[PDB]
Amino acid sequence: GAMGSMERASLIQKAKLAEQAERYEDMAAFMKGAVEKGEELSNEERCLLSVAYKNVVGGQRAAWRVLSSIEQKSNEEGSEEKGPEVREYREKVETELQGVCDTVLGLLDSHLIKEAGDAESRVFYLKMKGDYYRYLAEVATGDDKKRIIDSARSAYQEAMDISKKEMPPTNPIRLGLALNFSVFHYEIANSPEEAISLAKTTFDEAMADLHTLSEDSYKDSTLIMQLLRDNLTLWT
Amino acid sequence: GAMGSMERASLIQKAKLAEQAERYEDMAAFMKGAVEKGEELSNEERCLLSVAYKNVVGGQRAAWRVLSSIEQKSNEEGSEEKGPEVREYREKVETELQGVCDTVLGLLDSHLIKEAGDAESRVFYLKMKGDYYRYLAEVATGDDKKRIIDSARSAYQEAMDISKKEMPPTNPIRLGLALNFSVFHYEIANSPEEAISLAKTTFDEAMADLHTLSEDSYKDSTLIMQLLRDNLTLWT
Amino acid sequence: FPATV
Amino acid sequence: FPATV
Ligand SMILES: *SCCNC(=O)C(C)(C)Oc1ccc(Cl)cc1
Ligand SMILES: *SCCNC(=O)C(C)(C)Oc1ccc(Cl)cc1
Ligand SMILES: CC(C)Oc1ccc(Cl)c2cc(C(=N)N)sc12
Ligand SMILES: CC(C)Oc1ccc(Cl)c2cc(C(=N)N)sc12
Ligand SMILES: [Mg+2]
Ligand SMILES: [Mg+2]
Ligand SMILES: [Mg+2]
Ligand SMILES: [Mg+2]
Ligand SMILES: [Mg+2]
Ligand SMILES: [Mg+2]
């Protein structure tokens, strides 16, 4: 581990600086180093880990989609053969993306999830596990595609089960989990009805719990509720 | 060279794909590999090389500025000591930036400039040499700072001398060189009057030559002329 | 693309 | 920051 010689607190501090500088690859490397110290993460540190890798893999996904579109257009009838290069470069980006997903899943398995006992930590990490298997599923085509999809589903389902027992319906982690599992249903599992039902029920149950919240909690929860509504509008 | 086994044409093709995917680090790596084939570059290939490295180093410069600002605020009176981490991380980004600049200057010196005989190639490469020494000058503080600044000045001056003899006043390379040398004067050499004079004279001489141009050339030239005017407005 | 967090 | 190309 190239961060092995850096203090945990210094890694966290530099992750925050890297975020301010929009240096998300550095931020992810610092947070990987922090996780590898072996101590549990705080709520804020979980956010730093998630933001870093979400931005890294999000950029990879966007690039993969551009390249995969070009590759598709080059395979249609009437397109001029341009050689192996588009496929090769799409594969290069894909392999890098898969490497990042493997890294995140590795941190979750060794050993974040097994030490996470509170709902706010355990649901967060299980949601992340679902997310990174979902990103692997977006690019998968081989013998293990169904197993990858099922690994995402299983992680999301365990997170959902805990969140419904242990968190109020407005908790932002519970809401974000439902948002993302709904997207999984729609985009990965070919289950648009489940996606829509989950988004609607999540939204409605959150609405009915807003009255219990402070102004600041209300702002946090309604922000994610609007994302649920946005997706419902896209899908209906 | 990690690109040594890839065909030149494949590297150029992948640089174009990387640009479409906004993967500028990859684009720069592909173009470095193409340059290292040893053949001269075409006009379009020079644009690909420049765009790739301009985007890579531009992101590094933006991050360095964020970090250097934080470092400055942490050294003012009344600021709480937070340890070596801000300086360390600013230095990390700075060293990476310097590495990219060294790489570009290395490609120019080995051997792009010495084989560039036409004004459109030679002025372009000398402008790039000025630009990458200017980026080194932005972060320099040591014994060699004056020599770095003078290396930028010398490259820009040679490019200017050729451009004035060999290119019309509306040529976009001539205009872009003048734009950037003017910025060098203002930001690096502490010569705001020279910066303003150069931008104004460049703009006026281009204006007087627009009548010779086609509609498409007119669009290209007036685009850069507006950048000169924008800088003049900032500075006056 | 749909929203995720 | 000023414009450069
Ligand atoms: S934990 C990252 C900081 N939080 C956020 O960026 C927003 C999107 C505002 O809130 C959430 C992020 C992630 C989850 Cl699981 C829930 C809310
Ligand atoms: S060569 C890169 C493609 N050209 C451009 O992006 C713009 C900025 C439109 O034109 C110029 C770039 C660089 C120079 Cl030196 C001159 C024009
Ligand atoms: C986007 C906000 C409202 O979501 C958060 C909630 C709570 C914490 Cl502690 C935190 C730390 C964060 C970061 N460095 N990006 S974001 C964030
Ligand atoms: C921004 C435009 C107007 O400037 C150019 C002029 C000429 C060529 Cl050949 C070229 C190739 C380019 C690229 N792949 N970015 S840009 C560019
Ligand atoms: Mg430590
Ligand atoms: Mg593959
Ligand atoms: Mg259910
Ligand atoms: Mg070749
Ligand atoms: Mg230094
Ligand atoms: Mg002069």
Side-chain angles (χ1 to χ4, degrees), chain A residues 2-3 5-31 33-34 55-74 80-97 100, chain B residues 2-3 5-31 33-34 55-74 80-97 100:
Chain A
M3 294 310 174
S5 66
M6 207 182 303
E7 287 275 22
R8 191 186 188 283
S10 300
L11 290 162
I12 298 297
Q13 180 183 0
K14 290 179 184 176
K16 293 176 184 170
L17 293 169
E19 184 179 26
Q20 285 174 273
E22 299 173 83
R23 291 272 295 193
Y24 293 106
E25 286 176 32
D26 286 350
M27 184 190 187
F30 291 139
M31 294 301 309
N55 277 95
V56 170
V57 78
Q60 295 171 319
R61 290 162 71 213
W64 185 93
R65 288 176 190 202
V66 166
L67 297 172
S68 177
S69 181
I70 296 168
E71 186 178 13
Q72 173 244 300
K73 215 272 191 283
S74 73
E80 195 52 50
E81 189 246 11
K82 271 102 153 194
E85 287 88 353
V86 176
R87 174 188 52 80
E88 286 169 354
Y89 185 46
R90 187 267 300 157
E91 286 175 335
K92 186 202 192 169
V93 173
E94 179 174 305
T95 298
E96 184 188 301
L97 185 155
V100 174
Chain B
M3 294 310 174
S5 66
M6 207 182 303
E7 287 275 22
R8 191 186 188 283
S10 300
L11 290 162
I12 298 297
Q13 180 183 0
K14 290 179 184 176
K16 293 176 184 170
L17 293 169
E19 184 179 26
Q20 285 174 273
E22 299 173 83
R23 291 272 295 193
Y24 293 106
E25 286 176 32
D26 286 350
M27 184 190 187
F30 291 139
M31 294 301 309
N55 277 95
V56 170
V57 78
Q60 295 171 319
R61 290 162 71 213
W64 185 93
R65 288 176 190 202
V66 166
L67 297 172
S68 177
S69 181
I70 296 168
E71 186 178 13
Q72 173 244 300
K73 215 272 191 283
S74 73
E80 195 52 50
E81 189 246 11
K82 271 102 153 194
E85 287 88 353
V86 176
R87 174 188 52 80
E88 286 169 354
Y89 185 46
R90 187 267 300 157
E91 286 175 335
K92 186 202 192 169
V93 173
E94 179 174 305
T95 298
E96 184 188 301
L97 185 155
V100 174

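Below, chains carry the letters A, B, ... as their sequence lines are ordered, and counting in each starts from 1. Below, each value reflects all heavy atoms present in this structure, side chains not excepted, and no hydrogens, waters or symmetry copies.
B:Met31 is listed as a side-chain neighbour of B:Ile12, based on a closest heavy-atom distance under 4.5 Å. Annotation: side chain of A:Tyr89 is in contact with side chain of B:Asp26 (closest heavy-atom distance under 4.5 Å).
In this structure, the portions of A:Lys82 lying under 4.5 Å from any heavy atom of chain B include both its backbone and its side chain. Both the backbone and the side chain of A:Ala18 have a heavy atom closer than 4.5 Å to some heavy atom of chain B. Proximity to chain B is limited to the side chain of A:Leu67, based on heavy atoms less than 4.5 angstrom apart. Proximity to chain B (any heavy atom under 4.5 Å) is shown, for A:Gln20, by both the backbone and the side chain.
For the pair A:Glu91 and A:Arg87, the salt-bridge criterion is met [side-chain N within less than 4.0 Å of a carboxylate O].
In terms of heavy-atom pairs under 4.5 Å with chain B, the best-connected choice from A:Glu7, A:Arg23, A:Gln60, A:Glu22 is A:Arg23. Among B:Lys92, B:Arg90, B:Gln13, the residue making the largest number of heavy-atom pairs under 4.5 Å with chain A is B:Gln13.
Listed for the B:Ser68 side chain is no donor-acceptor partner under 3.5 Å among the backbone atoms of B:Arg65.
Annotation: B:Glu88, atom CD; neighbour count of heavy atoms from other residues, nucleotides and ligands within 6.0 Å is above 12.
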